[PDB]
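Residue-level structural notes
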Amino acid sequence: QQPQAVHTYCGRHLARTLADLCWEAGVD
Amino acid sequence: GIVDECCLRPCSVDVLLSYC
């Protein structure tokens, strides 16, 4: 059904998420 | 626990952006 977004992840893939967001939120 | 938040229910950027 590949909607807009829901698949999400679980474990690890989340420790990488806040590593890419805190990164896009301002790599500074 | 951010896993039981995105795995279980939505958390699209407008929700993870808040985890940082």
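Residues numbered from 1 in each chain as written, not as in the entry; some residues may be left out. Chains lettered and ligands numbered in written order. Heavy atoms only, no water. Residues with missing side-chain atoms left out of burial classes, pairs and counts.

Per the deposited record, determination of this structure is attributed to solution NMR.

**Brief notes about the interface of chain B and chain A**
Of the residues lining the interface, eleven residues belong to chain B; the matching set on chain A comes to eleven residues. Buried area between chain B and chain A, both sides added, is near 880 Å², and the carbon and sulfur share of it is 87%. Contact with chain A buries surface across chain B, with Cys6, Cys7 and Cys20 of chain B losing the most and accounting together for 43% of the total. The interface formed by chain B and chain A holds zero salt bridges in total. The tally of links between chain B and chain A comes to two residue pairs in polar contact. Across the side of chain B that touches chain A, the residue classes break down as nine nonpolar, one polar and one charged. (Contact = heavy atoms within 4.5 Å. Buried area = accessible area lost by both parts, 1.4 Å probe. Salt bridge = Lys/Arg side-chain N within 4 Å of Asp/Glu carboxyl O. Polar contact = N/O pair within 3.5 Å; in protein donor to acceptor, adjacent residues only side chain to side chain. Nonpolar A, V, L, I, M, F, W, Y, C, P; charged D, E, K, R; others polar.)

**Considerations on the environment of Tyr9 of chain A**
Position of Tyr9 of chain A relative to the elements: it lies in the segment before helix 1 (17-24). We classify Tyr9 of chain A as partly exposed; its relative accessible area is 37%. In this view, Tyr9 of chain A contacts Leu14 of chain A together with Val3, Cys6 and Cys7 of chain B; residues no more than four positions away in its chain are not counted. (Helix = DSSP H or I, 4+ residues; strand = E, 2+ residues; numbered from the N terminus. Buried < 20%, exposed > 50% of the residue type's maximum accessible area, 1.4 Å probe, protein only.)

**Here's the deal with the nonpolar core**
Grouped together as the largest cluster of nonpolar side chains are six residues: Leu14 and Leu21 of chain A together with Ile2, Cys6, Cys11 and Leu16 of chain B. Among all residues touching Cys6 of chain B, those that are not within four sequence positions of it are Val6, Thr8, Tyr9 and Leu14 of chain A together with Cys11 and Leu16 of chain B. (Core = buried A, V, L, I, M, F, W, Y, C linked by side-chain atoms within 4.5 Å.)

**Considering unusual backbone geometry**
Residues and elements named next belong to chain A. At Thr8, a position not held by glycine, the phi torsion is positive, near 45°. Relative to the elements of secondary structure, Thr8 occurs in the segment before helix 1. The buried category is assigned to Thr8, whose relative accessible area is 14%. Its identity as a non-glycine residue notwithstanding, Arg12 has a phi of 60°, on the positive side.

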